[PDB]
Amino acid sequence: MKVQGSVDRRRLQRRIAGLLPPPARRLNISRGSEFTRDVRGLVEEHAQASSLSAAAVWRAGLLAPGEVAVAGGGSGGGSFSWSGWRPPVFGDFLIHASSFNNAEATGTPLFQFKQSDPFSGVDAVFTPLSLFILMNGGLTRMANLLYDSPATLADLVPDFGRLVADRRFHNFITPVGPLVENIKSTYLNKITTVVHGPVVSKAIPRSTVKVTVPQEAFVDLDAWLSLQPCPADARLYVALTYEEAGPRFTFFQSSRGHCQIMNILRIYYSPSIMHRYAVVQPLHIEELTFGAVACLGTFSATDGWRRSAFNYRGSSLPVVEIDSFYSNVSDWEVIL
Amino acid sequence: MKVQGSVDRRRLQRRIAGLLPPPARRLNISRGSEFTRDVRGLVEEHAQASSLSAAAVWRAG
Amino acid sequence: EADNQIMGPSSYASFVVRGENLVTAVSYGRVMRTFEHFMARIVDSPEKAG
Amino acid sequence: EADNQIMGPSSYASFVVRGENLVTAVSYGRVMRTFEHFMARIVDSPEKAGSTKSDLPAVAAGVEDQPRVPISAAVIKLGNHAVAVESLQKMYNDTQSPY
Amino acid sequence: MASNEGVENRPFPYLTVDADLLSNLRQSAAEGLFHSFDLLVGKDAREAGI
Amino acid sequence: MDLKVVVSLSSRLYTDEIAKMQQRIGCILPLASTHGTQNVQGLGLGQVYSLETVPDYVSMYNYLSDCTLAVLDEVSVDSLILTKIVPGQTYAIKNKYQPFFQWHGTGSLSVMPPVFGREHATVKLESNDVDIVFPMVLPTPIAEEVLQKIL
Amino acid sequence: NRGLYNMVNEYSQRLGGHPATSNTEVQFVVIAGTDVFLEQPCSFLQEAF
Amino acid sequence: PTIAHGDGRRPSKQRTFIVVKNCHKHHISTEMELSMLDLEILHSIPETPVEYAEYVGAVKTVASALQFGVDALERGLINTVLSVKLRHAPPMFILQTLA
Amino acid sequence: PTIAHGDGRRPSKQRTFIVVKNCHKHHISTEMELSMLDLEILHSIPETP
């Protein structure tokens with residue numbers, strides 16, 4: 001006989017045997033059994049943590065080539081296409097400790113002002129309340145408790161007088177995403193958010209993280225608007241609005257769509273556009289712009305955004321909280 | 001502390017011996033013998049020519 | 001046609017890096033084909049006409 | 001002087017370039033030191049840990065198991081240390097050259 | 001500066017020495033004490049595949 | 001999931017052209033075909049940005065939007081290995097682009113056609129009689145100022 | 001100007017610039033140093049006493 | 001190795017250094033003179049007792065010359081070692097604080 | 001080798017050529033599809049005929 005070609009049978013079968021099996025779905029059910037070894041395997045989801053032992057790491061499956069841990073080591077390994085679970089991409093920021101109040105909700109969306117000094121080592125990052133005090137009951141009483149001496153925030157942004165006049169303040173602010181971890185240090189804090197991923201807590205005993213927005217600012221665009229479809233996803237948006245009184249910040253929720261939303265936001269801001277365009281500022285070259293809009297992520301419709309209080313310093317603030325958020329930032333689109 | 005890196009006995013014993021002998025001069029003549037293979041050593045002119053063969057070339061020098 | 005059939009080998013000829021070839025591939029980037037033969041011709045049976 | 005004499009080797013440790021070293025020197029520009037140890041740790045016994053006791057013989061290509069002799073010098077002890085002290089001014093003078 | 005001239009990060013069977021060489025490293029690397037030295041940080045610390 | 005793409009060359013590269021392309025080991029190259037084994041006539045922009053005809057900006061833009069990007073990983077004497085860029089994956093790039101622009105973390109990078117000279121974007125491979133051309137990757141706020149000023 | 005350890009090495013292991021002669025009536029500069037067993041600590045500091 | 005800190009400082013991952021040192025080479029030589037009369041009467045044979053005494057003088061002289069050369073080699077070896085040490089000895093007023 | 005000649009030619013010394021050839025590599029690939037029904041029903045035990 002001749003050695004079968006170059007390729008070797010019974011050697012590719014072994015190698016392809018690992019690649020063949022897809023993940024498990026659509027198991028048959030019997031009310032008699034009602035909980036089986038089969039039903040378990042279909043449900044268990046293989047958490048990614050360990051107890052720090054060389055043998056215990058092999059148990060959990062952290063040392064696995066794919067981006068997500070597959071439990072059992074090699075056993076059940078090679079599926080690689082299971083619910084397309086994508087891990088979160090974390091970001092690390094170094095902050096002036098006096099700039100950030102440590103009592104923050106662990107889930108609040110953050111915003112980074114792009115500095116204009118080269119080769120720096122610290123960053124400027126703002127919460128919705130820091131941005132309130134900077135841009136200058138409700139947020140007024142609560143934000144002033146958290147942040148006193150608003151000068152230290154004014155020191156980070158030295159052009160704020162100039163930027164909001166030329167209406168280019170928004171493009172130096174980049175959304176980053178909700179808080180995940182915060183180390184509390186005397187001089188330079190270390191903050192960890194989650195950019196573009198399932199916002200998930202990295203603490204050892206897991207707890208659900210929910211992004212929180214002050215109820216004063218959050219505006220449901222879908223109820224204000226009120227056959228139409230009921231889709232799966234709903235999105236969160238931010239709108240930075242240059243008005244006569246001054247710059248302003250708001251959050252929006254709806255599941256219509258982008259081309260529609262840009263139309264609904266123009267209808268929603270029609271009373272406030274007429275006012276600024278007649279009272280104070282008719283027209284100029286740079287001063288034409290009104291505001292911008294960005295998208296902060298997708299969360300499940302039909303649920304999420306319950307209301308709750310934020311208790312600090314013997315005073316509360318009504319706050320909404322969104323469940324199962326998935327951070328996804330896009331750039332600013334000018335509304336006018 | 002034993003022997004040396006460059007031992008004198010090893011080098012002096014073999015390498016030095018070849019370089020030592022100088023060309024012979026002033027051999028004395030004996031009337032009784034009148035000729036020896038020794039006198040040939042002094043006279044020989046040692047001409048440089050050969051036969052084109054491996055064994056002869058070595059012999060020729 | 002004269003003969004209408006021929007003869008020929010059936011298996012390939014295998015080549016692997018096993019011993020001193022492995023240690024040279026690690027320590028030295030280069031690898032020698034028939035390292036054992038090079039040894040046999042250099043050290044084992046030198047001063048032999050090829 | 002705490003000892004007045006020390007003990008040391010009496011002959012140098014050799015290096016011989018015959019064998020696989022020769023083959024690699026002819027074929028490639030390189031020569032391995034302790035080719036035997038490289039081969040023993042690569043191909044003859046892989047997947048074996050590193051220990052200083054295990055590798056002490058290998059690093060001891062020198063005075064390890066060479067004859068011992070007394071060598072005449074003066075020793076002095078500072079703290080925990082025992083240090084020799086010498087002067088070769090005689091070796092330079094008896095040739096009439098500066099020290 | 002003159003980072004590495006004869007440094008070679010090929011995988012070798014490395015001899016384990018008890019003497020502590022880790023006493024003048026970032027100080028000597030910073031100013032400069034070695035003609036040729038290479039710093040491998042993170043993933044590059046691994047042994048290179050042959 | 002296999003993202004490797006092996007680009008085989010018709011003829012061996014010169015010892016110089018290896019030094020040229022290794023300097024650009026981490027950078028994005030657009031790929032003609034998404035298959036595992038490929039030709040050298042595919043990867044460059046030499047098809048759209050060519051010495052013989054006049055180059056267009058709006059023609060290269062239409063190409064980069066459709067095309068499949070890739071990242072260089074290793075260069076051999078006769079080979080080129082890349083890894084495709086696909087959604088739901090995180091990649092590490094380097095910036096080796098002859099006109100140098102600084103990058104910033106948590107920013108938005110843009111892939112725009114080379115509006116600077118050819119010499120900055122190209123690496124000529126005389127051994128295979130082709131030139132491979134790289135798109136330029138700028139931070140978007142820089143790319144806007146560059147566009148409207150050269151325009 | 002070069003590194004500190006580079007300077008420390010070059011201090012001993014390289015002869016300084018144009019040192020003075022020894023055991024002569026007057027002091028010339030020495031090109032070939034056979035006996036030369038000198039060392040000069042002020043070339044370091046650039047200070048005279 | 002490193003320490004793990006509770007501060008914000010970004011951590012150093014596993015680090016390794018790779019250093020390479022090289023050889024340095026040295027040479028030594030000495031000259032000797034030998035008289036042509038000495039050599040010639042050595043390679044000749046004596047016919048009279050006076051010439052035999054001259055012969056033993058010649059052989060003693062050549063052996064002493066070779067011995068002189070060998071001793072010179074040994075003195076030079078020790079000399080080159082000591083000079084290498086002296087070259088690589090940095091001064092004490094530097095080393096005391098630099099250490 | 002050479003030829004010996006009585007003419008005035010200048011003698012051609014012993015000459016040797018050293019030549020080098022290098023390898024070339026070739027890659028090959030194919031693709032096959034398998035449907036999800038086929039990939040699924042292979043692994044679940046079938047009950048009915």
# chains A, B, ... in the order shown; residues from 1 in each chain; ligands from 1

call {"tool": "select_by_dssp", "arguments": {"residues": "range 1-48 of chain G", "states": "helix (DSSP H, G or I)", "output": "JSON, numbers by chain"}}
result
{"G": [4, 5, 6, 7, 8, 9, 10, 11, 12, 13, 42, 43, 44, 45]}

call {"tool": "write_last_selection", "arguments": {"atoms": "N, CA and C atoms", "output": "tab-separated table (two decimals), in the first residue's frame"}}
result
chain	number	residue	atom	x	y	z
G	4	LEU	N	27.16	57.93	34.57
G	4	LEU	CA	27.97	57.95	35.78
G	4	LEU	C	28.85	56.71	35.88
G	5	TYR	N	28.27	55.54	35.65
G	5	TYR	CA	29.07	54.33	35.73
G	5	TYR	C	30.07	54.26	34.59
G	6	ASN	N	29.72	54.79	33.42
G	6	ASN	CA	30.69	54.89	32.34
G	6	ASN	C	31.89	55.74	32.77
G	7	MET	N	31.62	56.86	33.44
G	7	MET	CA	32.71	57.69	33.94
G	7	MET	C	33.53	56.97	35.00
G	8	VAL	N	32.87	56.24	35.90
G	8	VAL	CA	33.59	55.53	36.95
G	8	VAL	C	34.51	54.48	36.34
G	9	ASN	N	34.02	53.75	35.34
G	9	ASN	CA	34.87	52.78	34.66
G	9	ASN	C	36.06	53.46	34.00
G	10	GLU	N	35.79	54.49	33.20
G	10	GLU	CA	36.86	55.17	32.47
G	10	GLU	C	37.86	55.85	33.40
G	11	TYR	N	37.47	56.13	34.64
G	11	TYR	CA	38.39	56.76	35.58
G	11	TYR	C	39.66	55.94	35.73
G	12	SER	N	39.52	54.70	36.19
G	12	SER	CA	40.69	53.86	36.38
G	12	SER	C	41.13	53.22	35.07
G	13	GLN	N	40.20	52.66	34.30
G	13	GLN	CA	40.64	51.80	33.21
G	13	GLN	C	41.06	52.57	31.96
G	42	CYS	N	41.34	64.96	40.52
G	42	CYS	CA	40.75	66.27	40.26
G	42	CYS	C	40.13	66.37	38.88
G	43	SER	N	40.51	65.50	37.94
G	43	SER	CA	39.87	65.52	36.63
G	43	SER	C	38.38	65.24	36.74
G	44	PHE	N	37.99	64.47	37.74
G	44	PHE	CA	36.59	64.19	38.05
G	44	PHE	C	35.86	65.47	38.42
G	45	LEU	N	36.26	66.08	39.54
G	45	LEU	CA	35.50	67.18	40.13
G	45	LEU	C	35.66	68.46	39.34

call {"tool": "residues_around", "arguments": {"residues": "range 7-9 of chain E", "least_positions_apart": "3", "cutoff": "12 Å", "atoms": "only C-alpha atoms", "output": "number ranges by chain"}}
result
C: 26-29; E: 2-4, 12-14, 34-40, 44-50; H: 16-22

call {"tool": "closest_atom_pairs", "arguments": {"of": "chain H", "to": "chain G", "cutoff": "12 Å", "atoms": "only C-alpha atoms", "output": "JSON lines"}}
result
{"residue": "H:83", "atom": "CA", "partner": "G:13", "partner_atom": "CA", "distance": 10.0}
{"residue": "H:84", "atom": "CA", "partner": "G:13", "partner_atom": "CA", "distance": 8.9}
{"residue": "H:85", "atom": "CA", "partner": "G:13", "partner_atom": "CA", "distance": 9.9}
{"residue": "H:86", "atom": "CA", "partner": "G:12", "partner_atom": "CA", "distance": 7.9}
{"residue": "H:87", "atom": "CA", "partner": "G:13", "partner_atom": "CA", "distance": 4.6}
{"residue": "H:88", "atom": "CA", "partner": "G:13", "partner_atom": "CA", "distance": 6.3}
{"residue": "H:89", "atom": "CA", "partner": "G:12", "partner_atom": "CA", "distance": 7.0}
{"residue": "H:90", "atom": "CA", "partner": "G:12", "partner_atom": "CA", "distance": 6.3}
{"residue": "H:91", "atom": "CA", "partner": "G:12", "partner_atom": "CA", "distance": 7.9}
{"residue": "H:92", "atom": "CA", "partner": "G:8", "partner_atom": "CA", "distance": 11.3}
{"residue": "H:93", "atom": "CA", "partner": "G:41", "partner_atom": "CA", "distance": 10.0}
{"residue": "H:94", "atom": "CA", "partner": "G:8", "partner_atom": "CA", "distance": 8.2}
{"residue": "H:95", "atom": "CA", "partner": "G:8", "partner_atom": "CA", "distance": 9.4}
{"residue": "H:98", "atom": "CA", "partner": "G:5", "partner_atom": "CA", "distance": 9.9}

call {"tool": "interface_residues", "arguments": {"of": "chain H", "to": "chain B", "cutoff": "7 Å", "atoms": "only C-alpha atoms", "output": "PDB file with C-alpha atoms, in the first residue's frame"}}
result
ATOM      1  CA  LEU H  39      74.860  27.047  18.845  1.00  0.00           C
ATOM      2  CA  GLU H  40      77.488  25.728  16.442  1.00  0.00           C
ATOM      3  CA  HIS H  43      75.451  20.950  17.283  1.00  0.00           C
ATOM      4  CA  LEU H  66      65.146  28.527  27.884  1.00  0.00           C
ATOM      5  CA  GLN H  67      64.573  28.568  31.646  1.00  0.00           C
ATOM      6  CA  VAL H  70      59.825  30.289  30.863  1.00  0.00           C
ATOM      7  CA  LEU H  73      56.312  33.931  30.923  1.00  0.00           C
ATOM      8  CA  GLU H  74      55.240  33.117  34.477  1.00  0.00           C
TER       9      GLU H  74
END

call {"tool": "interface_residues", "arguments": {"of": "chain H", "to": "chain D", "cutoff": "10 Å", "atoms": "only C-alpha atoms", "output": "list in words"}}
result
residues 72, 75, 78 and 79 of chain H

call {"tool": "residues_around", "arguments": {"residues": "residue 22 in chain I", "least_positions_apart": "2", "cutoff": "12 Å", "atoms": "only C-alpha atoms", "output": "count of residues only"}}
result
9

call {"tool": "closest_residue", "arguments": {"among": "A:305, A:132, A:290, A:85", "to": "residue 88 in chain F", "atoms": "only C-alpha atoms"}}
result
A:85

call {"tool": "select_by_dssp", "arguments": {"residues": "range 45-207 of chain A", "states": "strand (DSSP E)", "output": "PyMOL selection string"}}
result
chain A and resi 89-96+109-113+124-126+173-183+188-195

call {"tool": "write_last_selection", "arguments": {"atoms": "C-alpha atoms", "output": "mmCIF file, in the first residue's frame"}}
result
data_model
loop_
_atom_site.group_PDB
_atom_site.id
_atom_site.type_symbol
_atom_site.label_atom_id
_atom_site.label_comp_id
_atom_site.auth_asym_id
_atom_site.auth_seq_id
_atom_site.Cartn_x
_atom_site.Cartn_y
_atom_site.Cartn_z
ATOM 1 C CA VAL A 89 -13.865 46.588 28.128
ATOM 2 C CA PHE A 90 -12.841 48.527 31.223
ATOM 3 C CA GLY A 91 -11.177 51.931 31.295
ATOM 4 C CA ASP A 92 -8.859 53.274 33.987
ATOM 5 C CA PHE A 93 -8.700 56.962 34.918
ATOM 6 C CA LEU A 94 -6.478 58.895 37.323
ATOM 7 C CA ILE A 95 -8.388 61.708 39.014
ATOM 8 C CA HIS A 96 -7.720 64.588 41.368
ATOM 9 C CA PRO A 109 -22.449 57.552 33.792
ATOM 10 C CA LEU A 110 -19.227 59.537 33.541
ATOM 11 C CA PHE A 111 -17.841 62.139 31.153
ATOM 12 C CA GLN A 112 -14.202 62.999 30.470
ATOM 13 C CA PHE A 113 -13.192 66.515 29.503
ATOM 14 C CA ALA A 124 -10.674 65.423 34.371
ATOM 15 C CA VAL A 125 -13.806 63.306 34.761
ATOM 16 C CA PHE A 126 -17.276 64.576 35.656
ATOM 17 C CA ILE A 173 -16.393 66.066 26.361
ATOM 18 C CA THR A 174 -16.386 62.340 25.580
ATOM 19 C CA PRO A 175 -18.812 59.963 27.324
ATOM 20 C CA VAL A 176 -17.032 57.062 29.013
ATOM 21 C CA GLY A 177 -19.631 54.979 30.812
ATOM 22 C CA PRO A 178 -20.969 53.960 34.208
ATOM 23 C CA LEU A 179 -18.810 53.518 37.284
ATOM 24 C CA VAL A 180 -17.695 50.000 38.115
ATOM 25 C CA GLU A 181 -14.844 50.354 40.602
ATOM 26 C CA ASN A 182 -13.500 53.228 42.676
ATOM 27 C CA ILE A 183 -10.398 53.139 44.864
ATOM 28 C CA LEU A 188 -4.962 60.762 43.184
ATOM 29 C CA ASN A 189 -7.976 58.477 42.952
ATOM 30 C CA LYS A 190 -8.178 55.552 40.540
ATOM 31 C CA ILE A 191 -11.545 55.123 38.818
ATOM 32 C CA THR A 192 -12.619 52.185 36.659
ATOM 33 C CA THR A 193 -15.600 52.427 34.325
ATOM 34 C CA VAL A 194 -16.870 50.115 31.594
ATOM 35 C CA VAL A 195 -16.739 51.374 28.010
#

call {"tool": "interface_residues", "arguments": {"of": "chain D", "to": "chain E", "cutoff": "7 Å", "atoms": "only C-alpha atoms", "output": "JSON, numbers by chain"}}
result
{"D": [38, 41, 42, 50, 51, 52, 55]}

call {"tool": "interface_residues", "arguments": {"of": "chain G", "to": "chain D", "cutoff": "10 Å", "atoms": "only C-alpha atoms", "output": "VMD selection string"}}
result
chain G and resid 35 to 37

call {"tool": "write_last_selection", "arguments": {"atoms": "N, CA and C atoms", "output": "compact mmCIF listing (two decimals), in the first residue's frame"}}
result
# COMPACT_ATOMS: atom_id res chain seq x y z
N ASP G 35 56.19 52.67 32.70
CA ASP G 35 56.18 52.74 34.15
C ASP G 35 54.89 53.35 34.68
N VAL G 36 54.18 54.12 33.85
CA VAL G 36 53.16 55.04 34.34
C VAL G 36 52.16 54.30 35.21
N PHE G 37 52.10 54.69 36.48
CA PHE G 37 51.23 54.11 37.49
C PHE G 37 50.52 55.22 38.25

call {"tool": "interface_residues", "arguments": {"of": "chain C", "to": "chain A", "cutoff": "10 Å", "atoms": "only C-alpha atoms", "output": "CSV table (one decimal) with N, CA and C atoms, in the first residue's frame"}}
result
chain,number,residue,atom,x,y,z
C,9,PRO,N,8.2,3.9,-5.4
C,9,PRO,CA,8.0,3.9,-3.9
C,9,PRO,C,6.5,4.1,-3.6
C,10,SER,N,6.1,3.7,-2.4
C,10,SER,CA,4.8,3.8,-1.9
C,10,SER,C,4.7,4.8,-0.7
C,11,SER,N,5.7,4.8,0.1
C,11,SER,CA,5.7,5.7,1.3
C,11,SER,C,6.6,6.9,1.0
C,12,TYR,N,6.4,8.0,1.8
C,12,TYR,CA,7.3,9.2,1.7
C,12,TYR,C,8.6,8.9,2.4

call {"tool": "residues_around", "arguments": {"residues": "residue 28 in chain I", "least_positions_apart": "2", "cutoff": "10 Å", "atoms": "only C-alpha atoms", "output": "NGL selection string"}}
result
(:F and (6 or 36-38)) or (:I and (26 or 30))

call {"tool": "interface_residues", "arguments": {"of": "chain A", "to": "chain I", "cutoff": "8 Å", "atoms": "only C-alpha atoms", "output": "count of residues only"}}
result
3

call {"tool": "closest_residue", "arguments": {"among": "D:96, D:34, D:66, D:11", "to": "chain C", "atoms": "only C-alpha atoms"}}
result
D:34

call {"tool": "residues_around", "arguments": {"residues": "residue 301 in chain A", "least_positions_apart": "2", "cutoff": "7 Å", "atoms": "only C-alpha atoms", "output": "PyMOL selection string"}}
result
chain A and resi 232-234+299+303

call {"tool": "write_last_selection", "arguments": {"atoms": "C-alpha atoms", "output": "mmCIF file, in the first residue's frame"}}
result
data_model
loop_
_atom_site.group_PDB
_atom_site.id
_atom_site.type_symbol
_atom_site.label_atom_id
_atom_site.label_comp_id
_atom_site.auth_asym_id
_atom_site.auth_seq_id
_atom_site.Cartn_x
_atom_site.Cartn_y
_atom_site.Cartn_z
ATOM 1 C CA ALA A 232 -36.633 44.363 22.204
ATOM 2 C CA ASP A 233 -34.202 47.237 22.705
ATOM 3 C CA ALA A 234 -34.442 50.766 24.081
ATOM 4 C CA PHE A 299 -31.130 48.496 27.645
ATOM 5 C CA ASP A 303 -38.595 47.181 32.084
#
